[PDB]
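Enquirer: Below you will find the structure I want to go over with you.
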Amino acid sequence: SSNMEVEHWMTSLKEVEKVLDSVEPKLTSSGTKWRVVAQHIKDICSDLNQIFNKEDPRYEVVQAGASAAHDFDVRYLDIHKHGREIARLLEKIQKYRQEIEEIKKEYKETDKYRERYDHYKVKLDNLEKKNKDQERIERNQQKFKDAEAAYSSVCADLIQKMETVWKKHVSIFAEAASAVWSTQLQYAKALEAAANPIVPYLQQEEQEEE
Amino acid sequence: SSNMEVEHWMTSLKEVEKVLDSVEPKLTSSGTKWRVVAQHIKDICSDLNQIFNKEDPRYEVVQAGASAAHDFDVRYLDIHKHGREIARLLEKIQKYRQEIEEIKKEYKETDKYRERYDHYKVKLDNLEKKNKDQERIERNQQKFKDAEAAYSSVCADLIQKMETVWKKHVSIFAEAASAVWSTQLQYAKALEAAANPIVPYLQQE
């Protein structure tokens, strides 16, 4: 039989980690998803930019299209190789993860103090049963009270630390959300910006229905 | 032994088809790539939107992103299930492909007309070499010229039709390019749109 209110928090942190361990790989591949998009556009465009040599007035549309596709691919690579938000957050997560692994090892240390509480409870039972040395059973009345005093202290101590660590997740969860959108938004902004060469051309279709 | 100028055009169209075949599958999967982006965000969001239970004034920032990530998905589906521009362009390619499969056949019938030409070319040589039946060689001298003029006409008739079919590509290649960016931009616009709720929170640096 152990300390329930210690296990609750150790579990609650364990849970926080499962979250961190789920999102970390997701975070690192966020820029990956857009790469596919850029390359997909770049591929289509420069498929149409192939055997259309004729320098037709309509070669401009396709040419300016593929120029605008190249445009995007570069400015993606820019906000991928040079974007901070995620790089930052990943590290903050790595520190905060390691920061709960040390709390695991402080958790396992406590069980040594539980051998105190469970050692001396067994003796004080047996020594009082075989009612023989009243002054020995008096020294264990102390040792038991020493074990519970210390165990209870080191729990209250660690609980207090486990609390303050659980607290951090809130800020860093918030950062993740911000950082992700920040980034995803930045990519969209880049797609729109890259499109400027073609914008004029697009309007002739948006109307057509007939 | 046959009409190269005809083939130049046959080839030139063959090349246009190669392009059609290459692009069609890229075109048809355009929305696939964005679904990846859609679902990805929504995935990261809803991760952070779980054992964060105790509603701090900081449970908002994640939930406000989480609704916004969902908002984007509905934005995406709407654009996917109702984006006519691509579907319309496909249909146009389907017909334009067909168009040239139909004139791949006309190209084959041509060789029959060529067969006569080469048959009568050969006979005139044999018959004039023999130099015996003068009335017969006069008859073939005519019938070879008949094969010539006919094949020659049949060909000039294709190279104009093929020329017309080739001309088609310019317009269609343009529509493809514009239809693509039109679609992609629509998705980008939609993402920005969805980011709306989280924009005020982003002044947190």
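Note that each Cβ is placed from the backbone with ideal geometry, even for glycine, and that neighbours are counted across all protein chains shown. Values quoted throughout were computed directly from the atomic coordinates according to the rules given, and no laboratory measurement underlies them.
Enquirer: Among the candidates B:134, B:142, which residue alone is closer than 20 Å to residue B:114 by Cα and either more than 14 Å from chain A (Cβ to nearest Cβ) or small (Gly, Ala, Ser) (or both)?
Expert: On the way: B:134 fails: closer than 20 Å to residue B:114 by Cα.
That would be B:142, the only listed residue that is closer than 20 Å to residue B:114 by Cα and either more than 14 Å from chain A (Cβ to nearest Cβ) or small (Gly, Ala, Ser) (or both).
Enquirer: Is one or more of the residues making up region B:62-73 more than 11 Å from chain A (Cβ to nearest Cβ) and either among the aromatic types (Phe, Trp, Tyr) or farther than 28 Å from residue B:179 by Cα (or both)? Give the derivation first.
Expert: Just the residues of region B:62-73 that are more than 11 Å from chain A (Cβ to nearest Cβ), to begin with: B:67, B:70-71, B:73.
Then drop every residue that is not either among the aromatic types (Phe, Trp, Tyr) or farther than 28 Å from residue B:179 by Cα (or both), which leaves B:67.
Within region B:62-73, one or more residues are more than 11 Å from chain A (Cβ to nearest Cβ) and either among the aromatic types (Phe, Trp, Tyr) or farther than 28 Å from residue B:179 by Cα (or both).
Enquirer: Does residue A:7 fit the bill of being on the phi > 0 side of the Ramachandran plot and without any contact (Cβ under 8 Å) to a residue 60 or more places away in the chain? Lay out the reasoning, then the answer.
Expert: On the way: on the phi > 0 side of the Ramachandran plot: no; without any contact (Cβ under 8 Å) to a residue 60 or more places away in the chain: yes.
No, not satisfied.
Enquirer: On the basis of being more than 7 Å from chain B (Cβ to nearest Cβ), under 30 Å from residue A:160 (Cα atoms) and either touching a residue at least 60 places away in the same chain (Cβ under 8 Å) or out of contact with any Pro (no Cβ under 7 Å at 6 or more places or on another chain) (or both), does residue A:14 make the cut?
Expert: Details: more than 7 Å from chain B (Cβ to nearest Cβ): yes; under 30 Å from residue A:160 (Cα atoms): yes; either touching a residue at least 60 places away in the same chain (Cβ under 8 Å) or out of contact with any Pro (no Cβ under 7 Å at 6 or more places or on another chain) (or both): yes.
Against the criterion (more than 7 Å from chain B (Cβ to nearest Cβ), under 30 Å from residue A:160 (Cα atoms) and either touching a residue at least 60 places away in the same chain (Cβ under 8 Å) or out of contact with any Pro (no Cβ under 7 Å at 6 or more places or on another chain) (or both)), residue A:14 qualifies.
Enquirer: Is one or more of the residues making up region A:167-189 more than 39 Å from the chain's Cα centre (by Cα), of a type in the set (A, V, I, L, M) and part of a helix (DSSP H, G or I)? Talk me through it step by step, then tell me what you get.
Expert: So the first thing to find is which residues in region A:167-189 are more than 39 Å from the chain's Cα centre (by Cα), and the list is none.
No, the conditions are met nowhere in region A:167-189.
Enquirer: Separate question: Does residue B:41 satisfy the criteria of being closer than 20 Å to residue A:34 by Cβ and among the aliphatic types (A, V, I, L, M)?
Expert: Details: closer than 20 Å to residue A:34 by Cβ: yes; among the aliphatic types (A, V, I, L, M): yes.
Answer is yes for this residue.
Enquirer: Residues to consider are B:112, B:42, B:33, B:108; find the one that is within 11 Å of another protein chain (Cβ to nearest Cβ), out of contact with any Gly (no Cβ under 7 Å at 6 or more places or on another chain), free of Cβ contacts under 8 Å to residues at least 60 places away in the same chain and over 17 Å from residue A:176 (Cα atoms).
Expert: Numbers: B:112 fails: within 11 Å of another protein chain (Cβ to nearest Cβ); B:42 fails: over 17 Å from residue A:176 (Cα atoms); B:108 fails: within 11 Å of another protein chain (Cβ to nearest Cβ).
The conditions single out B:33.
Enquirer: Right, another one. Is at least one residue of region A:135-146 in contact with a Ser or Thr (Cβ under 9 Å, 6 or more places away or on another chain) and assigned to a helix (DSSP H, G or I)? Break it down stepwise before answering.
Expert: So the first thing to find is which residues in region A:135-146 are in contact with a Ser or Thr (Cβ under 9 Å, 6 or more places away or on another chain), and the list is none.
No, because not a single residue in region A:135-146 is in contact with a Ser or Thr (Cβ under 9 Å, 6 or more places away or on another chain) and assigned to a helix (DSSP H, G or I).
Enquirer: If you don't mind, there's one more thing I want to ask. Of all residues in region A:190-210, how many are under 43 Å from the mean Cα position of the chain (by Cα) and acidic (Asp, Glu)?
Expert: Of the residues in region A:190-210, 2 are under 43 Å from the mean Cα position of the chain (by Cα) and acidic (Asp, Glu).
Quick grid of which residues meet (1) within 14 Å of chain B (Cβ to nearest Cβ); (2) under 30 Å from residue A:60 (Cβ atoms); (3) surrounded by fewer than 17 Cβ atoms within 10 Å (Cβ to Cβ):
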residue: A:153; (1), (2), (3): no, no, yes
residue: A:157; (1), (2), (3): no, no, yes
residue: A:171; (1), (2), (3): yes, no, yes
residue: A:175; (1), (2), (3): yes, no, no
residue: A:190; (1), (2), (3): yes, yes, no
residue: A:196; (1), (2), (3): yes, yes, yes
residue: A:200; (1), (2), (3): yes, yes, yes
residue: A:204; (1), (2), (3): yes, yes, yes
residue: A:207; (1), (2), (3): yes, yes, yes
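Enquirer: I'm told residue A:149 meets every condition in (1) farther than 30 Å from residue B:45 by Cα; (2) touching a helix residue (DSSP H, G or I) at 6+ places or on another chain (Cβ under 8 Å) except one. Can you identify the failing condition by its number?
Expert: If we test residue A:149 against (1) farther than 30 Å from residue B:45 by Cα; (2) touching a helix residue (DSSP H, G or I) at 6+ places or on another chain (Cβ under 8 Å), just (2) comes out false.
Enquirer: For residue B:51, state whether it is over 24 Å from residue B:181 (Cα atoms), within 9 Å of chain A (Cβ to nearest Cβ) and either touching a residue at least 60 places away in the same chain (Cβ under 8 Å) or among the β-branched types (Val, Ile, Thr) (or both). Before you say what the answer is, go through the steps one by one.
Expert: Working: over 24 Å from residue B:181 (Cα atoms): yes; within 9 Å of chain A (Cβ to nearest Cβ): yes; either touching a residue at least 60 places away in the same chain (Cβ under 8 Å) or among the β-branched types (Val, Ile, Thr) (or both): yes.
Here the answer is yes, as residue B:51 does meet what is asked.
Enquirer: For region B:177-186, enumerate the residues that are over 15 Å from residue B:93 (Cα atoms) and at the interface with another protein chain (Cβ under 7 Å from one of its Cβ atoms). Lay out the reasoning, then the answer.
Expert: Within region B:177-186, the first condition is being over 15 Å from residue B:93 (Cα atoms), and the residues that meet it are B:181-186.
Across region B:177-186, the qualifying residues are B:181, B:182, B:184, B:185.
Enquirer: Could you tell me how many of the residues in region A:115-134 are of a type in the set (D, E, K, R) and either in contact with a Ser or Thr (Cβ under 6 Å, 6 or more places away or on another chain) or surrounded by fewer than 11 Cβ atoms within 10 Å (Cβ to Cβ) (or both)?
Expert: First, pick out the residues of region A:115-134 that are of a type in the set (D, E, K, R): A:115-116, A:118, A:121, A:123, A:125, A:128-130, A:132-133.
Going one step further and asking which of them are either in contact with a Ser or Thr (Cβ under 6 Å, 6 or more places away or on another chain) or surrounded by fewer than 11 Cβ atoms within 10 Å (Cβ to Cβ) (or both), we end up with A:129-130, A:132.
So the count comes out to 3.
Enquirer: Would you say residue A:149 is among the small types (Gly, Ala, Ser), within 30 Å of residue B:83 (Cβ to Cβ) and assigned to a helix (DSSP H, G or I)? Walk me through how you get there before you give the answer.
Expert: Values: among the small types (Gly, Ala, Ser): yes; within 30 Å of residue B:83 (Cβ to Cβ): no; assigned to a helix (DSSP H, G or I): yes.
Criteria not met by residue A:149.
Listed here are the residues, each with its yes/no results for (1) touching a strand residue (DSSP E or B) at 6+ places or on another chain (Cβ under 6 Å); (2) touching a residue at least 24 places away in the same chain (Cβ under 8 Å); (3) closer than 21 Å to residue B:25 by Cβ.
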residue	(1), (2), (3)
B:131	no, no, no
B:140	no, no, no
B:149	no, no, no
B:157	no, no, no
B:162	no, yes, no
B:172	no, yes, yes
